[PDB]
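S.K.: Supplied structure: protein28.pdb, PDB, C-alpha atoms and all ligand atoms.
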ATOM      1  CA  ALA A   1     103.524 226.286 282.402
ATOM      2  CA  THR A   2     100.593 225.180 280.207
ATOM      3  CA  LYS A   3      99.445 227.604 277.473
ATOM      4  CA  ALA A   4      96.357 227.764 275.249
ATOM      5  CA  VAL A   5      94.895 230.103 272.648
ATOM      6  CA  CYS A   6      91.502 230.824 271.056
ATOM      7  CA  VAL A   7      90.738 232.728 267.827
ATOM      8  CA  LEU A   8      87.195 234.160 268.138
ATOM      9  CA  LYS A   9      85.324 234.469 264.824
ATOM     10  CA  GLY A  10      81.707 234.820 263.674
ATOM     11  CA  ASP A  11      79.344 235.994 260.936
ATOM     12  CA  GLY A  12      79.603 239.728 261.837
ATOM     13  CA  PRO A  13      82.528 242.077 262.648
ATOM     14  CA  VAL A  14      83.216 240.598 266.128
ATOM     15  CA  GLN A  15      86.649 238.932 266.270
ATOM     16  CA  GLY A  16      89.522 238.482 268.704
ATOM     17  CA  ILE A  17      92.392 236.444 270.123
ATOM     18  CA  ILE A  18      92.299 235.144 273.705
ATOM     19  CA  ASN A  19      95.331 233.643 275.435
ATOM     20  CA  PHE A  20      95.346 231.288 278.425
ATOM     21  CA  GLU A  21      98.267 230.477 280.731
ATOM     22  CA  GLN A  22      98.430 228.280 283.834
ATOM     23  CA  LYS A  23     101.793 228.238 285.648
ATOM     24  CA  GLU A  24     101.002 225.145 287.760
ATOM     25  CA  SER A  25      98.332 222.470 287.320
ATOM     26  CA  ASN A  26      96.810 223.282 290.743
ATOM     27  CA  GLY A  27      97.073 227.088 290.258
ATOM     28  CA  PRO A  28      94.917 229.741 288.539
ATOM     29  CA  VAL A  29      94.528 230.292 284.803
ATOM     30  CA  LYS A  30      95.404 233.730 283.417
ATOM     31  CA  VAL A  31      93.141 234.701 280.504
ATOM     32  CA  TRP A  32      93.982 237.746 278.358
ATOM     33  CA  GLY A  33      93.704 239.311 274.913
ATOM     34  CA  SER A  34      91.478 241.560 272.822
ATOM     35  CA  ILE A  35      88.094 241.418 271.048
ATOM     36  CA  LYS A  36      87.004 244.102 268.549
ATOM     37  CA  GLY A  37      83.763 244.896 266.699
ATOM     38  CA  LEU A  38      81.555 244.860 269.829
ATOM     39  CA  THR A  39      78.938 247.327 271.000
ATOM     40  CA  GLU A  40      80.069 249.477 273.936
ATOM     41  CA  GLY A  41      79.348 247.843 277.333
ATOM     42  CA  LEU A  42      79.142 244.340 278.797
ATOM     43  CA  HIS A  43      79.256 241.066 276.874
ATOM     44  CA  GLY A  44      78.881 237.526 278.223
ATOM     45  CA  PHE A  45      82.041 235.461 278.033
ATOM     46  CA  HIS A  46      81.698 231.695 278.495
ATOM     47  CA  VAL A  47      83.368 228.378 277.898
ATOM     48  CA  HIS A  48      80.774 226.084 276.284
ATOM     49  CA  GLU A  49      80.930 222.296 276.558
ATOM     50  CA  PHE A  50      81.815 221.184 273.016
ATOM     51  CA  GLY A  51      84.573 222.222 270.591
ATOM     52  CA  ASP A  52      82.122 221.658 267.747
ATOM     53  CA  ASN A  53      81.842 224.584 265.266
ATOM     54  CA  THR A  54      80.057 222.552 262.539
ATOM     55  CA  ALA A  55      76.931 224.743 262.858
ATOM     56  CA  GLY A  56      78.873 227.819 263.978
ATOM     57  CA  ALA A  57      78.761 228.747 267.669
ATOM     58  CA  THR A  58      75.344 227.008 268.103
ATOM     59  CA  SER A  59      76.865 223.482 268.037
ATOM     60  CA  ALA A  60      79.098 224.283 271.061
ATOM     61  CA  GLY A  61      76.200 223.259 273.326
ATOM     62  CA  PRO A  62      75.592 224.620 276.823
ATOM     63  CA  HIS A  63      78.008 226.177 279.332
ATOM     64  CA  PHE A  64      80.794 223.830 280.408
ATOM     65  CA  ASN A  65      79.252 222.361 283.571
ATOM     66  CA  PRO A  66      80.870 219.097 284.828
ATOM     67  CA  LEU A  67      79.650 219.602 288.447
ATOM     68  CA  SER A  68      75.988 220.101 287.346
ATOM     69  CA  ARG A  69      75.648 223.519 288.993
ATOM     70  CA  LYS A  70      73.443 226.494 288.107
ATOM     71  CA  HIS A  71      74.691 229.494 286.172
ATOM     72  CA  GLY A  72      76.329 232.373 288.023
ATOM     73  CA  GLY A  73      79.137 234.915 287.877
ATOM     74  CA  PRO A  74      82.834 233.934 288.136
ATOM     75  CA  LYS A  75      83.027 234.985 291.828
ATOM     76  CA  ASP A  76      79.982 232.846 292.854
ATOM     77  CA  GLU A  77      80.145 229.461 294.582
ATOM     78  CA  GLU A  78      77.132 228.398 292.510
ATOM     79  CA  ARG A  79      78.491 228.625 288.955
ATOM     80  CA  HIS A  80      79.255 226.552 285.890
ATOM     81  CA  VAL A  81      82.975 225.900 285.295
ATOM     82  CA  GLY A  82      82.637 227.915 282.044
ATOM     83  CA  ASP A  83      81.142 231.027 283.714
ATOM     84  CA  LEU A  84      83.757 233.768 283.106
ATOM     85  CA  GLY A  85      81.228 236.600 283.441
ATOM     86  CA  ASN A  86      81.407 239.708 281.277
ATOM     87  CA  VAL A  87      84.055 241.423 279.186
ATOM     88  CA  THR A  88      83.739 245.174 278.705
ATOM     89  CA  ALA A  89      84.034 246.856 275.314
ATOM     90  CA  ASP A  90      85.142 250.517 275.227
ATOM     91  CA  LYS A  91      83.778 253.356 272.991
ATOM     92  CA  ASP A  92      85.683 252.060 269.893
ATOM     93  CA  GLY A  93      84.252 248.538 270.404
ATOM     94  CA  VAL A  94      87.455 246.988 271.766
ATOM     95  CA  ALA A  95      87.312 244.725 274.835
ATOM     96  CA  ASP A  96      90.723 244.296 276.453
ATOM     97  CA  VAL A  97      90.393 241.021 278.373
ATOM     98  CA  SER A  98      92.360 240.431 281.583
ATOM     99  CA  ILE A  99      90.944 237.762 283.918
ATOM    100  CA  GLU A 100      92.247 235.326 286.498
ATOM    101  CA  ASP A 101      90.176 232.209 287.320
ATOM    102  CA  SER A 102      90.750 229.243 289.673
ATOM    103  CA  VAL A 103      87.779 227.090 288.572
ATOM    104  CA  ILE A 104      88.771 226.571 284.911
ATOM    105  CA  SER A 105      92.000 224.664 284.214
ATOM    106  CA  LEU A 106      94.205 223.757 281.261
ATOM    107  CA  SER A 107      94.551 220.154 282.541
ATOM    108  CA  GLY A 108      92.566 217.477 284.402
ATOM    109  CA  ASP A 109      88.799 217.345 284.977
ATOM    110  CA  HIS A 110      88.042 221.086 284.542
ATOM    111  CA  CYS A 111      90.245 221.297 281.430
ATOM    112  CA  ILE A 112      88.802 223.711 278.859
ATOM    113  CA  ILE A 113      91.213 222.803 276.007
ATOM    114  CA  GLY A 114      89.196 221.467 273.042
ATOM    115  CA  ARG A 115      86.048 223.308 274.208
ATOM    116  CA  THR A 116      84.546 226.542 272.807
ATOM    117  CA  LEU A 117      85.036 230.088 274.049
ATOM    118  CA  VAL A 118      82.053 232.321 273.144
ATOM    119  CA  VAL A 119      81.460 236.085 273.349
ATOM    120  CA  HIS A 120      77.809 237.126 273.464
ATOM    121  CA  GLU A 121      75.448 239.820 272.215
ATOM    122  CA  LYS A 122      74.730 241.405 275.605
ATOM    123  CA  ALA A 123      75.352 241.301 279.381
ATOM    124  CA  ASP A 124      75.520 238.080 281.404
ATOM    125  CA  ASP A 125      73.127 238.764 284.321
ATOM    126  CA  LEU A 126      75.262 236.390 286.499
ATOM    127  CA  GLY A 127      72.232 234.232 287.459
ATOM    128  CA  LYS A 128      70.346 237.152 289.065
ATOM    129  CA  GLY A 129      67.858 237.724 286.215
ATOM    130  CA  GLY A 130      64.872 236.062 287.937
ATOM    131  CA  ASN A 131      63.810 233.766 285.046
ATOM    132  CA  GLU A 132      64.637 230.169 284.019
ATOM    133  CA  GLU A 133      67.133 231.311 281.387
ATOM    134  CA  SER A 134      69.119 233.309 284.014
ATOM    135  CA  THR A 135      69.992 229.959 285.684
ATOM    136  CA  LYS A 136      71.224 228.457 282.383
ATOM    137  CA  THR A 137      72.833 231.119 280.129
ATOM    138  CA  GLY A 138      72.574 234.398 282.077
ATOM    139  CA  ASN A 139      70.406 235.945 279.304
ATOM    140  CA  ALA A 140      73.487 237.113 277.340
ATOM    141  CA  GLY A 141      71.758 236.802 273.936
ATOM    142  CA  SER A 142      73.165 235.403 270.709
ATOM    143  CA  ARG A 143      76.666 234.039 270.192
ATOM    144  CA  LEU A 144      78.559 236.802 268.318
ATOM    145  CA  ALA A 145      81.912 235.013 267.942
ATOM    146  CA  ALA A 146      83.457 231.716 268.964
ATOM    147  CA  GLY A 147      86.530 229.539 268.657
ATOM    148  CA  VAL A 148      87.889 226.197 269.787
ATOM    149  CA  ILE A 149      90.430 226.509 272.617
ATOM    150  CA  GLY A 150      93.702 224.953 271.412
ATOM    151  CA  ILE A 151      97.103 224.076 272.845
ATOM    152  CA  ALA A 152      99.676 226.852 272.393
ATOM    153  CA  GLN A 153     103.484 226.873 272.430
TER     154      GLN A 153
ATOM    155  CA  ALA B   1      82.556 206.634 273.666
ATOM    156  CA  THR B   2      84.932 209.640 273.212
ATOM    157  CA  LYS B   3      84.242 211.817 270.135
ATOM    158  CA  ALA B   4      85.948 214.787 268.549
ATOM    159  CA  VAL B   5      85.384 216.950 265.495
ATOM    160  CA  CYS B   6      87.338 219.358 263.304
ATOM    161  CA  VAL B   7      86.184 222.027 260.831
ATOM    162  CA  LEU B   8      88.875 222.479 258.161
ATOM    163  CA  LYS B   9      89.136 225.996 256.646
ATOM    164  CA  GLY B  10      91.841 227.923 254.806
ATOM    165  CA  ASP B  11      92.492 230.838 252.466
ATOM    166  CA  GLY B  12      91.680 228.723 249.394
ATOM    167  CA  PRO B  13      88.688 226.521 248.498
ATOM    168  CA  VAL B  14      89.478 223.561 250.797
ATOM    169  CA  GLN B  15      86.724 222.990 253.346
ATOM    170  CA  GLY B  16      85.542 220.013 255.333
ATOM    171  CA  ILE B  17      84.417 218.384 258.534
ATOM    172  CA  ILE B  18      86.391 215.515 260.047
ATOM    173  CA  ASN B  19      85.002 213.342 262.843
ATOM    174  CA  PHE B  20      86.969 211.266 265.348
ATOM    175  CA  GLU B  21      85.626 208.376 267.451
ATOM    176  CA  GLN B  22      87.416 206.135 269.961
ATOM    177  CA  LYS B  23      85.120 203.552 271.565
ATOM    178  CA  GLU B  24      87.769 202.425 274.101
ATOM    179  CA  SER B  25      90.869 204.229 275.420
ATOM    180  CA  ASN B  26      93.267 201.348 274.646
ATOM    181  CA  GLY B  27      91.827 201.298 271.133
ATOM    182  CA  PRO B  28      91.828 202.595 267.570
ATOM    183  CA  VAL B  29      90.473 206.026 266.587
ATOM    184  CA  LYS B  30      88.168 206.072 263.560
ATOM    185  CA  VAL B  31      88.650 209.180 261.437
ATOM    186  CA  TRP B  32      86.042 210.083 258.830
ATOM    187  CA  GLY B  33      84.338 212.886 256.967
ATOM    188  CA  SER B  34      84.261 214.829 253.724
ATOM    189  CA  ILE B  35      86.768 217.409 252.440
ATOM    190  CA  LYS B  36      85.911 219.388 249.300
ATOM    191  CA  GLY B  37      87.824 221.903 247.158
ATOM    192  CA  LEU B  38      90.915 219.679 246.706
ATOM    193  CA  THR B  39      92.818 218.956 243.476
ATOM    194  CA  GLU B  40      92.390 215.364 242.313
ATOM    195  CA  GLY B  41      94.867 212.941 243.922
ATOM    196  CA  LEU B  42      96.839 212.482 247.136
ATOM    197  CA  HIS B  43      97.033 215.032 249.950
ATOM    198  CA  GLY B  44      99.076 214.792 253.167
ATOM    199  CA  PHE B  45      96.891 214.649 256.234
ATOM    200  CA  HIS B  46      98.497 215.326 259.619
ATOM    201  CA  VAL B  47      97.900 216.300 263.195
ATOM    202  CA  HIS B  48     100.179 219.204 264.089
ATOM    203  CA  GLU B  49     101.333 220.046 267.583
ATOM    204  CA  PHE B  50      99.561 223.316 268.421
ATOM    205  CA  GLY B  51      95.872 224.308 268.269
ATOM    206  CA  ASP B  52      97.027 227.809 267.424
ATOM    207  CA  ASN B  53      95.206 229.267 264.402
ATOM    208  CA  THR B  54      96.312 232.897 265.022
ATOM    209  CA  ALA B  55      98.402 232.876 261.804
ATOM    210  CA  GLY B  56      96.262 230.260 260.056
ATOM    211  CA  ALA B  57      97.638 226.748 259.629
ATOM    212  CA  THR B  58     101.207 228.177 259.869
ATOM    213  CA  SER B  59     101.011 228.804 263.659
ATOM    214  CA  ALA B  60     100.111 225.103 264.269
ATOM    215  CA  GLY B  61     103.818 224.163 264.423
ATOM    216  CA  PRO B  62     105.237 220.853 263.246
ATOM    217  CA  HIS B  63     103.679 217.391 263.190
ATOM    218  CA  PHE B  64     102.590 216.229 266.650
ATOM    219  CA  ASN B  65     105.669 214.261 267.707
ATOM    220  CA  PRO B  66     105.711 213.543 271.485
ATOM    221  CA  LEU B  67     108.161 210.607 271.007
ATOM    222  CA  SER B  68     110.743 212.608 268.955
ATOM    223  CA  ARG B  69     110.686 210.199 265.983
ATOM    224  CA  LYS B  70     111.272 210.824 262.279
ATOM    225  CA  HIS B  71     108.371 211.328 259.862
ATOM    226  CA  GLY B  72     106.806 208.212 258.367
ATOM    227  CA  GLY B  73     103.580 206.724 257.112
ATOM    228  CA  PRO B  74     100.770 205.550 259.458
ATOM    229  CA  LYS B  75     101.799 201.869 259.063
ATOM    230  CA  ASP B  76     105.430 202.571 260.128
ATOM    231  CA  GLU B  77     106.799 202.082 263.618
ATOM    232  CA  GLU B  78     109.059 205.090 262.963
ATOM    233  CA  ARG B  79     106.496 207.883 262.599
ATOM    234  CA  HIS B  80     105.209 210.991 264.288
ATOM    235  CA  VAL B  81     101.993 210.448 266.290
ATOM    236  CA  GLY B  82     100.373 212.972 263.920
ATOM    237  CA  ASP B  83     101.371 211.055 260.753
ATOM    238  CA  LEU B  84      98.002 209.981 259.265
ATOM    239  CA  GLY B  85      99.394 209.550 255.720
ATOM    240  CA  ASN B  86      97.403 210.648 252.668
ATOM    241  CA  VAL B  87      93.766 211.198 251.768
ATOM    242  CA  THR B  88      92.610 210.887 248.169
ATOM    243  CA  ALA B  89      90.419 213.477 246.422
ATOM    244  CA  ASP B  90      88.282 212.158 243.566
ATOM    245  CA  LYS B  91      87.779 213.843 240.151
ATOM    246  CA  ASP B  92      85.252 216.313 241.686
ATOM    247  CA  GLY B  93      87.794 217.399 244.314
ATOM    248  CA  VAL B  94      86.128 215.486 247.187
ATOM    249  CA  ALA B  95      88.053 213.363 249.709
ATOM    250  CA  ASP B  96      85.697 210.999 251.491
ATOM    251  CA  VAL B  97      88.084 210.341 254.385
ATOM    252  CA  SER B  98      87.912 207.001 256.208
ATOM    253  CA  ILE B  99      90.982 206.103 258.272
ATOM    254  CA  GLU B 100      91.573 203.990 261.386
ATOM    255  CA  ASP B 101      94.665 204.673 263.485
ATOM    256  CA  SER B 102      95.930 203.198 266.760
ATOM    257  CA  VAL B 103      98.728 205.703 267.450
ATOM    258  CA  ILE B 104      96.650 208.881 267.765
ATOM    259  CA  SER B 105      94.256 208.904 270.724
ATOM    260  CA  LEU B 106      91.463 210.997 272.234
ATOM    261  CA  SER B 107      92.959 210.683 275.729
ATOM    262  CA  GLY B 108      96.326 210.357 277.498
ATOM    263  CA  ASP B 109      99.748 211.395 276.198
ATOM    264  CA  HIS B 110      98.938 210.964 272.480
ATOM    265  CA  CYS B 111      95.688 212.953 272.789
ATOM    266  CA  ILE B 112      95.009 215.097 269.695
ATOM    267  CA  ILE B 113      92.135 217.146 271.137
ATOM    268  CA  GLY B 114      93.192 220.803 271.171
ATOM    269  CA  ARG B 115      95.724 220.242 268.386
ATOM    270  CA  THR B 116      95.377 221.108 264.674
ATOM    271  CA  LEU B 117      94.395 218.842 261.786
ATOM    272  CA  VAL B 118      95.975 219.927 258.480
ATOM    273  CA  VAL B 119      95.398 218.857 254.867
ATOM    274  CA  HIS B 120      98.264 219.575 252.510
ATOM    275  CA  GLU B 121      98.903 220.744 248.952
ATOM    276  CA  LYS B 122     100.318 217.459 247.676
ATOM    277  CA  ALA B 123     101.271 213.867 248.506
ATOM    278  CA  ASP B 124     103.024 212.929 251.724
ATOM    279  CA  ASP B 125     105.984 210.745 250.554
ATOM    280  CA  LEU B 126     105.741 208.864 253.901
ATOM    281  CA  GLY B 127     109.425 209.450 254.698
ATOM    282  CA  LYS B 128     110.685 207.705 251.528
ATOM    283  CA  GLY B 129     111.846 210.822 249.596
ATOM    284  CA  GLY B 130     115.565 210.585 250.360
ATOM    285  CA  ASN B 131     115.980 214.169 251.604
ATOM    286  CA  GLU B 132     116.001 215.802 255.053
ATOM    287  CA  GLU B 133     112.557 217.299 254.406
ATOM    288  CA  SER B 134     111.059 213.808 253.783
ATOM    289  CA  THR B 135     111.916 212.774 257.373
ATOM    290  CA  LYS B 136     110.435 216.018 258.787
ATOM    291  CA  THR B 137     107.302 216.840 256.744
ATOM    292  CA  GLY B 138     107.003 214.180 254.006
ATOM    293  CA  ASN B 139     107.363 216.899 251.293
ATOM    294  CA  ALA B 140     103.560 217.467 251.325
ATOM    295  CA  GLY B 141     103.871 221.148 250.383
ATOM    296  CA  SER B 142     101.782 223.967 251.764
ATOM    297  CA  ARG B 143      99.072 223.763 254.411
ATOM    298  CA  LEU B 144      95.785 224.232 252.486
ATOM    299  CA  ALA B 145      93.297 224.024 255.333
ATOM    300  CA  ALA B 146      93.354 223.532 259.061
ATOM    301  CA  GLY B 147      91.213 223.411 262.190
ATOM    302  CA  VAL B 148      91.417 222.857 265.924
ATOM    303  CA  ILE B 149      90.264 219.395 267.018
ATOM    304  CA  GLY B 150      87.483 219.935 269.584
ATOM    305  CA  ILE B 151      85.504 217.699 271.942
ATOM    306  CA  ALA B 152      82.198 216.567 270.372
ATOM    307  CA  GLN B 153      78.930 215.297 271.848
TER     308      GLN B 153
HETATM  309 ZN    ZN C 201      76.822 229.386 282.942
HETATM  310 ZN    ZN C 202     105.264 213.649 260.383
END
Can you present the structure in this file as structure tokens?
Ligand SMILES: [Zn+2]
Ligand SMILES: [Zn+2]

M.R.:
Amino acid sequence: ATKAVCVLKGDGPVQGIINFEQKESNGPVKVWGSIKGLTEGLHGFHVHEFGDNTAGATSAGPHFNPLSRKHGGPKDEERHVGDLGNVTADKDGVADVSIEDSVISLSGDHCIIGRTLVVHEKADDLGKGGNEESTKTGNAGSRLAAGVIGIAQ
Amino acid sequence: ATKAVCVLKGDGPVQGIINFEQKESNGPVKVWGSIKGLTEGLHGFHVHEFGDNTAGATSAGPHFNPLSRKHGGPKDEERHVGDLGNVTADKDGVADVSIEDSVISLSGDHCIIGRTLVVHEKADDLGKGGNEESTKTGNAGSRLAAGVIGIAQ
């Protein structure tokens, strides 16, 4: 099994640890962990193209998109590889993350290791927002916390 | 061609940005950038196995060593892949890093993307210390700052 980990940090109180595990190279990736300091409700959750945190989360560039698709939700055929949708924060501001995804990988062409995981200000509209920015970012607002996805033991 | 970048941070004053560039896959990786907050003199400079920053630099594991060799200097045949030797801080505590290495890579089995770059408390003895620890770590002392090596534009 391949394993990866991401420590999410930013300028505010938002912080968390996200784990990735992929049992076989042609099988799904399990993604799980916890993020605290968030407002109650939905928050965009994306893999961005670059593992560059030199100017914070901004230098991570756009959503990881090697097939040159439009933005969508994780269940959509039309999506970026990095489109993992929304995480939900409870009343205390904790988002317990538990996702399975078959588009991202921890090896080969859709490998997300060395790229940036980002958690956003507000809801990802999943490409249904009806403006240009819906097709690109999902209108999920500023980047609250980010980290480079690294190889784990 | 392929580029990577690493933001070095720790609990102390050591901070820096290190760039990686490899123009061809069968070819040397240029490593450069500035690290500040160091004590004047030599500091061990290594790629460690895991891109796991959950417990700081400590969770990064040992030197990246896919060929199960003993620790050495960058010029040695007997070395870990991650053995980049020393960097030198000047009298103002700044290490203007400029290294070229043909053993690390930004692709294939010796790929360092998604692993951790670490700068150490003191000099790497390059495996010439005459104790067991010299052939494991180079007696470079504590891990002062670390970062996950991410894919850059
Ligand atoms: Zn997207
Ligand atoms: Zn070593």

S.K.: Quick check on the file I pasted: which residues fall under the ChimeraX specification (/A :<7) & /B? Write them as number ranges by chain.

M.R.: B: 5, 7, 50-54, 113-115, 148-153

S.K.: Enumerate as a ChimeraX atom specification the residues within 10 Å of ligand ZN 202 (chain C), counting all atoms listed in the file.

M.R.: /B:44-48,62-65,69-74,78-85,124,126-127,134-140

S.K.: Using only C-alpha atoms for the distances, tell me which of A:11, A:21, A:90, A:96 is nearest to residue 145 of chain A.

M.R.: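 Of all the options, A:11 lies closest to residue 145 of chain A.
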
S.K.: Compile the contact shell of residue 25 of chain A as JSON, numbers by chain: residues with an atom at most 8 Å away, counting all atoms listed in the file, same-chain residues fewer than 3 positions apart removed.

M.R.: {"A": [2, 22, 105, 106, 107]}

S.K.: Next, write the just-selected residues to a file, as a PDB file, keeping the file's coordinate frame, keeping C-alpha atoms as the atom set.

M.R.:
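Result file follows (out03.pdb):
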ATOM      1  CA  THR A   2     100.593 225.180 280.207  1.00  0.00           C
ATOM      2  CA  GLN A  22      98.430 228.280 283.834  1.00  0.00           C
ATOM      3  CA  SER A 105      92.000 224.664 284.214  1.00  0.00           C
ATOM      4  CA  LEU A 106      94.205 223.757 281.261  1.00  0.00           C
ATOM      5  CA  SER A 107      94.551 220.154 282.541  1.00  0.00           C
TER       6      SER A 107
END

S.K.: Around segment 95-113 of chain B, with edges along x, y and z and 6 Å added on all six sides, what centre and edge lengths do you get, in Å to one decimal, as lines of an AutoDock Vina configuration file?

M.R.:
center_x = 92.7
center_y = 210.2
center_z = 263.6
size_x = 26.1
size_y = 25.9
size_z = 39.8

S.K.: For residue 122 of chain A, which residue out of A:146, A:99, A:31, A:42 is the nearest one, using only C-alpha atoms?

M.R.: A:42

S.K.: Can you tell me which residues surround residue 40 of chain A at a distance of at most 12 Å, considering only C-alpha atoms, apart from same-chain residues fewer than 3 positions away, and format the answer as a count of residues only?

M.R.: 16

S.K.: Take atom CA of residue 120 of chain A and atom CA of residue 98 of chain A and report the distance between them in Å, one decimal.

M.R.: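 Result for atom CA of residue 120 of chain A versus atom CA of residue 98 of chain A: 17.0 Å, one decimal.
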